[PDB]
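Heads up: the structure comes next, in structure tokens.
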Amino acid sequence: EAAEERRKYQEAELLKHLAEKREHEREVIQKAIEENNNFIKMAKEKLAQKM
Amino acid sequence: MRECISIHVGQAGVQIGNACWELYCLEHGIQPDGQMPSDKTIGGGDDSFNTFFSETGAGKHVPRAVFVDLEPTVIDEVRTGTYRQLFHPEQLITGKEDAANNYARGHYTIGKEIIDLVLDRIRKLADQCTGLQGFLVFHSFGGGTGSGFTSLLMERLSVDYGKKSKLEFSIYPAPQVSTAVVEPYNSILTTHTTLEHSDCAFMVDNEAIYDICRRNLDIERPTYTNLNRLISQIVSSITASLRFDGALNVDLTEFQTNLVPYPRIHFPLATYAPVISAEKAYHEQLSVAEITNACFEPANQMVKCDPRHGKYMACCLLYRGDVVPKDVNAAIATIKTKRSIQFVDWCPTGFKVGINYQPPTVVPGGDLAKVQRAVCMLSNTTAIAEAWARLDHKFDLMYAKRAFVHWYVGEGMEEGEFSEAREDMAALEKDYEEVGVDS
Ligand SMILES: Nc1nc2c(ncn2[C@@H]2O[C@H](COP(=O)(O)OP(=O)(O)OP(=O)(O)O)[C@@H](O)[C@H]2O)c(=O)[nH]1
Ligand SMILES: [Ca+2]
Ligand SMILES: [Mg+2]
Ligand SMILES: [Mg+2]
């Protein structure tokens, strides 16, 4: 049982590492969304101001 | 009559177990459907062959045997083989995925899952025994199952059958016969874990069997079948005394009494002769003196080593065929004056001799020719420690770099168990040196 528990601890560390990967994946794509939207908003505001 | 249960674990133990029971049936005149015309007590009896076979009302003689492998492909060749009818389903036990050459996976990860089942099926055989002597366990040192699961089973057998004897037939790894690169690890791990649970262990080195197959059968590249049929001959020589009338090694306790003065030094060397090619038309029949002399030739030993550079604790000569005591003692007297045969000082310099008049049986169509006499010598000599030193050295090379260790720790094994195991083998090597060498 102590060896079984050691296997379980190591799997849990693993799934926790992969969970950190999934949140980084989420941060990357929401960063891309945020920057495309800020480009569009910036361009819209500069155009309005210059017109 | 007292019963013996045979247990075959992993690929090597199962495939060797197949060969032995095939041989046992031939030796006893038991047909592949389990019928035995010679047996006139239908559905019962306490003859000597009943130590290894029980009987059904239908007259079928059933091996007191269990086959266990964590993968189904090898045992499936028993289910569908030539003796399908001999065994019943409950005796063949297969898991789903094997131990991947990994002692820790066979012992901890998969072993946990399957041990209770295996023990339950063995219990069904023990319940049919009026007076169980104990177990004969066939396995490789090197496989993940043969090493890892065998050691777990032997521990649990000492629990559930504390008063029973346990004998091993262990296949010692040799690169000539496909080995995993981690077999040194597995070998040391399982010897450490099994040492105090086994009463007597016969090591068979695949290198020795392989070379005998090349040299004496002139098979250029021997198969597992070639290897296992020779091994089964030697096994049958060792177990004959349990299955036939006689007065030497008639129960498992006598093996320990006659071969093992010191419980840890319980690995007798087996030497077998003669091994004769069956495609060799006309061959002179070797005499008692010659086959007995061949028992002191390292080329005939089950483990290659040099008994001249060690000391004997015990020696049994097991003859099959046309042999009388007169010829044995003549041959022994001659051999004592020409060979280098040193016993330890605290032990009698002598030989226990057993003769069964029936000459060895060979498998029809096999590569071994019938002979009119053969002998298996079982000697407890310190020279077998050379096999431990060799294995221990390979273990050290790899462990110094922790090579492959992560496979074992990943299955829940602590690195410390490697050091535990290796230190036990170090004591073992020094026990042998104390007993058999002088400064
Ligand atoms: N003499 C002999 N040796 C065998 C046989 N099969 C395998 N071996 C040897 O046994 C060792 C490998 O262990 P195996 O018994 O095949 O493996 P296993 O116990 O089934 O364990 P895993 O497959 O790892 O689960 C190697 O040293 C092989 O050379 C056999 O039929 N006869
Ligand atoms: Ca009978
Ligand atoms: Mg296997
Ligand atoms: Mg009985």
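Naming works like this for the structure tokens: A, B, ... for the chains as they're shown, residue 1 at the start of each chain, ligands 1 onward in shown order.
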
Counting only C-alpha atoms and all ligand atoms, what are the residues, protein, DNA or RNA alike, that approach ligand 3 to within 10 Å? I want them as a ChimeraX atom specification.
/B:9-14,69-75,97-101,143-146

Output the neighbourhood of ligand 4 as an NGL selection string, that is, all protein and nucleic acid residues with some atom at most 6 Å from the ligand, counting only C-alpha atoms and all ligand atoms.
:B and (1-3 or 129-131)

Report, in Å to a single decimal, how far apart atom CA of residue B:188 and atom CA of residue B:394 are.
10.3 Å

With only C-alpha atoms considered, list every residue of chain B at most 8 Å from chain A, as an MDAnalysis selection string.
chainID B and resid 108:109 410:414

Looking only at helix (DSSP H, G or I) from DSSP on the backbone, list the matching residues of stretch 223-310 of chain B as a PyMOL selection string.
chain B and resi 224-243+252-259+288-296+298-300+307-309

Go ahead and write the selection's residues with C-alpha atoms as a JSON list (two decimals), in the first residue's frame.
```json
[["chain", "number", "residue", "atom", "x", "y", "z"],
["B", 224, "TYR", "CA", 13.10, -22.53, -26.17],
["B", 225, "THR", "CA", 11.68, -26.00, -26.86],
["B", 226, "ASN", "CA", 15.19, -27.44, -27.09],
["B", 227, "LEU", "CA", 16.21, -25.64, -23.91],
["B", 228, "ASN", "CA", 13.06, -26.57, -22.00],
["B", 229, "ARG", "CA", 13.09, -30.23, -22.91],
["B", 230, "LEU", "CA", 16.62, -30.57, -21.53],
["B", 231, "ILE", "CA", 15.69, -28.57, -18.41],
["B", 232, "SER", "CA", 12.64, -30.81, -17.92],
["B", 233, "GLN", "CA", 14.85, -33.88, -18.01],
["B", 234, "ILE", "CA", 16.93, -32.43, -15.19],
["B", 235, "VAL", "CA", 13.87, -31.31, -13.24],
["B", 236, "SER", "CA", 12.35, -34.76, -13.65],
["B", 237, "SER", "CA", 15.60, -36.31, -12.37],
["B", 238, "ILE", "CA", 15.36, -34.05, -9.32],
["B", 239, "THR", "CA", 11.65, -34.71, -8.61],
["B", 240, "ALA", "CA", 11.55, -38.46, -9.46],
["B", 241, "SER", "CA", 12.07, -39.39, -5.79],
["B", 242, "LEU", "CA", 8.78, -37.62, -4.93],
["B", 243, "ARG", "CA", 6.79, -39.50, -7.61],
["B", 252, "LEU", "CA", 10.42, -31.98, 0.42],
["B", 253, "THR", "CA", 11.89, -31.82, 3.92],
["B", 254, "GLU", "CA", 14.57, -34.37, 2.98],
["B", 255, "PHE", "CA", 15.87, -32.08, 0.24],
["B", 256, "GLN", "CA", 16.73, -29.55, 2.93],
["B", 257, "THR", "CA", 18.05, -32.21, 5.33],
["B", 258, "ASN", "CA", 20.27, -33.79, 2.67],
["B", 259, "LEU", "CA", 21.40, -30.73, 0.73],
["B", 288, "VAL", "CA", 28.37, -46.03, -14.57],
["B", 289, "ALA", "CA", 31.97, -44.90, -14.10],
["B", 290, "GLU", "CA", 31.84, -42.59, -17.13],
["B", 291, "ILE", "CA", 28.51, -40.85, -16.37],
["B", 292, "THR", "CA", 29.56, -40.50, -12.73],
["B", 293, "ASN", "CA", 32.90, -39.05, -13.81],
["B", 294, "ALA", "CA", 31.03, -36.63, -16.11],
["B", 295, "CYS", "CA", 29.32, -35.27, -12.97],
["B", 296, "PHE", "CA", 32.60, -33.53, -12.09],
["B", 298, "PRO", "CA", 31.95, -28.23, -15.48],
["B", 299, "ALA", "CA", 30.70, -28.65, -19.06],
["B", 300, "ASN", "CA", 27.81, -30.79, -17.67],
["B", 307, "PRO", "CA", 33.88, -26.75, -7.85],
["B", 308, "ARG", "CA", 37.62, -27.48, -7.40],
["B", 309, "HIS", "CA", 37.90, -23.93, -6.10]]
```

Show me, as a PyMOL selection string, the residues that have an atom within 7 Å of residue B:385 when counting only C-alpha atoms, minus same-chain residues fewer than 3 positions from it.
chain B and resi 382+388-389+429+432

Save the residues we just selected, C-alpha atoms, as a short mmCIF file (atom, residue, chain, number, x, y, z; two decimals), in the first residue's frame?
```
data_model
loop_
_atom_site.label_atom_id
_atom_site.label_comp_id
_atom_site.auth_asym_id
_atom_site.auth_seq_id
_atom_site.Cartn_x
_atom_site.Cartn_y
_atom_site.Cartn_z
CA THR B 382 30.48 -22.94 -2.46
CA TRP B 388 26.22 -14.59 -7.63
CA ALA B 389 29.48 -12.66 -8.00
CA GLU B 429 28.81 -13.79 -1.13
CA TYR B 432 30.05 -18.52 0.81
#
```

Please produce, as a tab-separated table, a per-residue contact table for chain B versus ligand 2 (criterion: any atom at most 8 Å away, only C-alpha atoms and all ligand atoms considered), showing the nearest atom pair and its distance in Å to one decimal, sorted by chain then residue number.
```
residue	atom	partner	partner_atom_place_in_ligand_line	distance
B:39	CA	ligand 2	1 (Ca)	5.1
B:40	CA	ligand 2	1 (Ca)	6.0
B:41	CA	ligand 2	1 (Ca)	3.9
B:42	CA	ligand 2	1 (Ca)	5.1
B:43	CA	ligand 2	1 (Ca)	5.8
B:44	CA	ligand 2	1 (Ca)	4.5
B:45	CA	ligand 2	1 (Ca)	4.2
B:46	CA	ligand 2	1 (Ca)	7.1
B:47	CA	ligand 2	1 (Ca)	7.0
B:50	CA	ligand 2	1 (Ca)	7.6
B:55	CA	ligand 2	1 (Ca)	6.8
B:59	CA	ligand 2	1 (Ca)	7.9
```

How about saving the chosen residues, N, CA, C and O atoms kept, as a PDB file, in the first residue's frame?
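Listing of result25.pdb after writing:
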```pdb
ATOM      1  N   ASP B  39      -3.155 -47.551 -13.824  1.00  0.00           N
ATOM      2  CA  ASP B  39      -3.714 -47.292 -12.503  1.00  0.00           C
ATOM      3  C   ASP B  39      -5.017 -48.071 -12.347  1.00  0.00           C
ATOM      4  O   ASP B  39      -5.999 -47.798 -13.043  1.00  0.00           O
ATOM      5  N   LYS B  40      -5.029 -49.050 -11.447  1.00  0.00           N
ATOM      6  CA  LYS B  40      -6.203 -49.897 -11.307  1.00  0.00           C
ATOM      7  C   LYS B  40      -7.158 -49.436 -10.204  1.00  0.00           C
ATOM      8  O   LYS B  40      -8.232 -50.035 -10.054  1.00  0.00           O
ATOM      9  N   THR B  41      -6.807 -48.402  -9.429  1.00  0.00           N
ATOM     10  CA  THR B  41      -7.732 -47.797  -8.463  1.00  0.00           C
ATOM     11  C   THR B  41      -8.343 -46.563  -9.125  1.00  0.00           C
ATOM     12  O   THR B  41      -7.714 -45.503  -9.190  1.00  0.00           O
ATOM     13  N   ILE B  42      -9.573 -46.701  -9.617  1.00  0.00           N
ATOM     14  CA  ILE B  42     -10.207 -45.635 -10.388  1.00  0.00           C
ATOM     15  C   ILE B  42     -10.672 -44.537  -9.438  1.00  0.00           C
ATOM     16  O   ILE B  42     -11.342 -44.811  -8.431  1.00  0.00           O
ATOM     17  N   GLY B  43     -10.301 -43.293  -9.748  1.00  0.00           N
ATOM     18  CA  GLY B  43     -10.825 -42.150  -9.028  1.00  0.00           C
ATOM     19  C   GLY B  43     -10.265 -41.951  -7.640  1.00  0.00           C
ATOM     20  O   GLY B  43     -10.858 -41.223  -6.842  1.00  0.00           O
ATOM     21  N   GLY B  44      -9.138 -42.577  -7.328  1.00  0.00           N
ATOM     22  CA  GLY B  44      -8.501 -42.349  -6.049  1.00  0.00           C
ATOM     23  C   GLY B  44      -7.193 -43.108  -5.958  1.00  0.00           C
ATOM     24  O   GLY B  44      -6.715 -43.701  -6.930  1.00  0.00           O
ATOM     25  N   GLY B  45      -6.617 -43.079  -4.776  1.00  0.00           N
ATOM     26  CA  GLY B  45      -5.405 -43.824  -4.499  1.00  0.00           C
ATOM     27  C   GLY B  45      -4.433 -42.953  -3.739  1.00  0.00           C
ATOM     28  O   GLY B  45      -4.561 -41.728  -3.684  1.00  0.00           O
ATOM     29  N   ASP B  46      -3.448 -43.599  -3.115  1.00  0.00           N
ATOM     30  CA  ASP B  46      -2.352 -42.867  -2.513  1.00  0.00           C
ATOM     31  C   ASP B  46      -1.031 -43.485  -2.926  1.00  0.00           C
ATOM     32  O   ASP B  46      -0.120 -43.660  -2.117  1.00  0.00           O
ATOM     33  N   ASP B  47      -0.915 -43.831  -4.204  1.00  0.00           N
ATOM     34  CA  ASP B  47       0.364 -44.223  -4.765  1.00  0.00           C
ATOM     35  C   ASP B  47       1.333 -43.036  -4.777  1.00  0.00           C
ATOM     36  O   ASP B  47       0.987 -41.905  -4.427  1.00  0.00           O
ATOM     37  N   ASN B  50       0.566 -40.114  -7.027  1.00  0.00           N
ATOM     38  CA  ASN B  50      -0.508 -39.235  -6.566  1.00  0.00           C
ATOM     39  C   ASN B  50       0.005 -38.015  -5.833  1.00  0.00           C
ATOM     40  O   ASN B  50      -0.786 -37.111  -5.529  1.00  0.00           O
ATOM     41  N   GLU B  55      -7.034 -37.493  -8.965  1.00  0.00           N
ATOM     42  CA  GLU B  55      -7.850 -38.338  -9.830  1.00  0.00           C
ATOM     43  C   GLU B  55      -9.320 -37.955  -9.743  1.00  0.00           C
ATOM     44  O   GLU B  55      -9.844 -37.697  -8.654  1.00  0.00           O
ATOM     45  N   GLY B  59     -11.676 -41.203 -13.940  1.00  0.00           N
ATOM     46  CA  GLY B  59     -10.374 -41.803 -14.133  1.00  0.00           C
ATOM     47  C   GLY B  59      -9.302 -40.871 -14.651  1.00  0.00           C
ATOM     48  O   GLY B  59      -8.234 -41.349 -15.056  1.00  0.00           O
TER      49      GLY B  59
END
```

Within 12 Å of residue B:28, counting only C-alpha atoms, which residues qualify if same-chain residues fewer than 5 places away don't, as a PyMOL selection string?
chain B and resi 21-23+34-39+47-50+52-53+61+236+240+243-244+358+360-361

Given the selection you just returned, output its residues as a file containing N, CA, C and O atoms, formatted as a tab-separated table (two decimals), in the first residue's frame.
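Full text of result.tsv as output:
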```tsv
chain	number	residue	atom	x	y	z
B	21	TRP	N	5.49	-31.45	-17.28
B	21	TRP	CA	4.28	-32.26	-17.12
B	21	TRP	C	4.08	-33.20	-18.30
B	21	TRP	O	3.62	-34.34	-18.12
B	22	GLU	N	4.41	-32.74	-19.51
B	22	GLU	CA	4.52	-33.64	-20.66
B	22	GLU	C	5.42	-34.82	-20.33
B	22	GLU	O	5.05	-35.98	-20.58
B	23	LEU	N	6.59	-34.55	-19.75
B	23	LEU	CA	7.52	-35.61	-19.40
B	23	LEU	C	6.97	-36.49	-18.29
B	23	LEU	O	7.00	-37.72	-18.38
B	34	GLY	N	-5.60	-37.52	-19.87
B	34	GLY	CA	-5.60	-37.74	-18.44
B	34	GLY	C	-5.84	-39.17	-18.00
B	34	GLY	O	-5.76	-39.45	-16.80
B	35	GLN	N	-6.15	-40.08	-18.92
B	35	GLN	CA	-6.36	-41.47	-18.55
B	35	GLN	C	-5.03	-42.16	-18.30
B	35	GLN	O	-4.02	-41.86	-18.94
B	36	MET	N	-5.05	-43.11	-17.36
B	36	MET	CA	-3.86	-43.87	-16.97
B	36	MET	C	-4.23	-45.35	-16.90
B	36	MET	O	-4.69	-45.84	-15.86
B	37	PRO	N	-4.03	-46.10	-17.99
B	37	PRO	CA	-4.38	-47.54	-17.96
B	37	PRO	C	-3.70	-48.32	-16.84
B	37	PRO	O	-4.32	-49.25	-16.30
B	38	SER	N	-2.46	-47.97	-16.46
B	38	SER	CA	-1.73	-48.72	-15.43
B	38	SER	C	-2.40	-48.62	-14.07
B	38	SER	O	-2.21	-49.49	-13.22
B	39	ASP	N	-3.15	-47.55	-13.82
B	39	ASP	CA	-3.71	-47.29	-12.50
B	39	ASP	C	-5.02	-48.07	-12.35
B	39	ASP	O	-6.00	-47.80	-13.04
B	47	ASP	N	-0.92	-43.83	-4.20
B	47	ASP	CA	0.36	-44.22	-4.76
B	47	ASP	C	1.33	-43.04	-4.78
B	47	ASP	O	0.99	-41.91	-4.43
B	48	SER	N	2.57	-43.32	-5.18
B	48	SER	CA	3.60	-42.29	-5.20
B	48	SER	C	3.33	-41.25	-6.26
B	48	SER	O	3.62	-40.07	-6.06
B	49	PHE	N	2.79	-41.67	-7.41
B	49	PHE	CA	2.50	-40.69	-8.45
B	49	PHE	C	1.35	-39.77	-8.06
B	49	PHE	O	1.20	-38.71	-8.68
B	50	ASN	N	0.57	-40.11	-7.03
B	50	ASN	CA	-0.51	-39.24	-6.57
B	50	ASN	C	0.00	-38.02	-5.83
B	50	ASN	O	-0.79	-37.11	-5.53
B	52	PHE	N	1.84	-35.90	-7.25
B	52	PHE	CA	1.78	-34.87	-8.30
B	52	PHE	C	0.47	-34.88	-9.08
B	52	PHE	O	0.19	-33.89	-9.76
B	53	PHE	N	-0.32	-35.95	-9.02
B	53	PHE	CA	-1.59	-36.05	-9.73
B	53	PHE	C	-2.72	-36.45	-8.79
B	53	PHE	O	-2.60	-37.44	-8.05
B	61	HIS	N	-6.31	-38.18	-14.48
B	61	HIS	CA	-5.23	-37.83	-13.56
B	61	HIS	C	-4.83	-36.38	-13.82
B	61	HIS	O	-4.35	-36.04	-14.91
B	236	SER	N	12.95	-33.47	-13.92
B	236	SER	CA	12.35	-34.76	-13.65
B	236	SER	C	13.31	-35.65	-12.85
B	236	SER	O	12.89	-36.36	-11.94
B	240	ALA	N	11.94	-37.05	-9.37
B	240	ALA	CA	11.55	-38.46	-9.46
B	240	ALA	C	11.30	-39.08	-8.09
B	240	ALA	O	10.34	-39.84	-7.91
B	243	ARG	N	7.85	-38.96	-6.77
B	243	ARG	CA	6.79	-39.50	-7.61
B	243	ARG	C	6.88	-41.01	-7.79
B	243	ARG	O	5.96	-41.59	-8.37
B	244	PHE	N	7.97	-41.64	-7.33
B	244	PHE	CA	8.23	-43.07	-7.47
B	244	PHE	C	8.61	-43.66	-6.12
B	244	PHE	O	9.02	-42.95	-5.20
B	358	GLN	N	14.16	-47.66	-13.83
B	358	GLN	CA	13.58	-47.21	-15.10
B	358	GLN	C	14.52	-46.20	-15.76
B	358	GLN	O	14.81	-45.15	-15.16
B	360	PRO	N	15.78	-43.11	-18.20
B	360	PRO	CA	15.07	-41.86	-18.47
B	360	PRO	C	14.10	-42.02	-19.63
B	360	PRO	O	14.33	-42.78	-20.57
B	361	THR	N	12.99	-41.30	-19.54
B	361	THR	CA	12.08	-41.17	-20.66
B	361	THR	C	12.48	-39.95	-21.48
B	361	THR	O	12.84	-38.91	-20.92
```

With only C-alpha atoms as the basis for distance, which of B:357, B:202, B:210, B:149 is at the shortest distance from residue B:175?
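For residue B:175, the nearest of the candidates is B:210.
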
By how many Å are atom CA of residue B:316 and atom CA of residue B:430 apart?
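Separation of atom CA of residue B:316 and atom CA of residue B:430: 24.9 Å.
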
Strand (DSSP E) per DSSP on the backbone: members of stretch 30-90 of chain B, as a PyMOL selection string:
chain B and resi 53-55+61-63+65-69

Export of the given selection (N, CA and C atoms) as a PDB file, in the first residue's frame:
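And here's selection08.pdb as it stands now:
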```
ATOM      1  N   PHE B  53      -0.323 -35.952  -9.016  1.00  0.00           N
ATOM      2  CA  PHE B  53      -1.592 -36.054  -9.733  1.00  0.00           C
ATOM      3  C   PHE B  53      -2.717 -36.454  -8.789  1.00  0.00           C
ATOM      4  N   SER B  54      -3.828 -35.727  -8.857  1.00  0.00           N
ATOM      5  CA  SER B  54      -5.081 -36.194  -8.289  1.00  0.00           C
ATOM      6  C   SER B  54      -5.886 -36.933  -9.366  1.00  0.00           C
ATOM      7  N   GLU B  55      -7.034 -37.493  -8.965  1.00  0.00           N
ATOM      8  CA  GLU B  55      -7.850 -38.338  -9.830  1.00  0.00           C
ATOM      9  C   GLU B  55      -9.320 -37.955  -9.743  1.00  0.00           C
ATOM     10  N   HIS B  61      -6.309 -38.185 -14.477  1.00  0.00           N
ATOM     11  CA  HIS B  61      -5.227 -37.828 -13.563  1.00  0.00           C
ATOM     12  C   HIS B  61      -4.827 -36.379 -13.816  1.00  0.00           C
ATOM     13  N   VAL B  62      -5.040 -35.534 -12.818  1.00  0.00           N
ATOM     14  CA  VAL B  62      -4.977 -34.081 -12.958  1.00  0.00           C
ATOM     15  C   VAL B  62      -3.736 -33.576 -12.233  1.00  0.00           C
ATOM     16  N   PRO B  63      -2.849 -32.853 -12.904  1.00  0.00           N
ATOM     17  CA  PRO B  63      -1.689 -32.264 -12.220  1.00  0.00           C
ATOM     18  C   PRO B  63      -2.090 -31.378 -11.048  1.00  0.00           C
ATOM     19  N   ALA B  65      -1.129 -28.583 -10.103  1.00  0.00           N
ATOM     20  CA  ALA B  65      -0.350 -27.549 -10.745  1.00  0.00           C
ATOM     21  C   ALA B  65      -1.198 -26.309 -10.989  1.00  0.00           C
ATOM     22  N   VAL B  66      -0.555 -25.157 -10.842  1.00  0.00           N
ATOM     23  CA  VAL B  66      -1.130 -23.855 -11.158  1.00  0.00           C
ATOM     24  C   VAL B  66      -0.162 -23.127 -12.083  1.00  0.00           C
ATOM     25  N   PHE B  67      -0.685 -22.541 -13.161  1.00  0.00           N
ATOM     26  CA  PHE B  67       0.099 -21.736 -14.095  1.00  0.00           C
ATOM     27  C   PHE B  67      -0.366 -20.288 -14.020  1.00  0.00           C
ATOM     28  N   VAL B  68       0.575 -19.364 -13.862  1.00  0.00           N
ATOM     29  CA  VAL B  68       0.270 -17.960 -13.617  1.00  0.00           C
ATOM     30  C   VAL B  68       1.174 -17.106 -14.494  1.00  0.00           C
ATOM     31  N   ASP B  69       0.582 -16.269 -15.346  1.00  0.00           N
ATOM     32  CA  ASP B  69       1.342 -15.289 -16.113  1.00  0.00           C
ATOM     33  C   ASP B  69       0.498 -14.031 -16.283  1.00  0.00           C
TER      34      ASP B  69
END
```
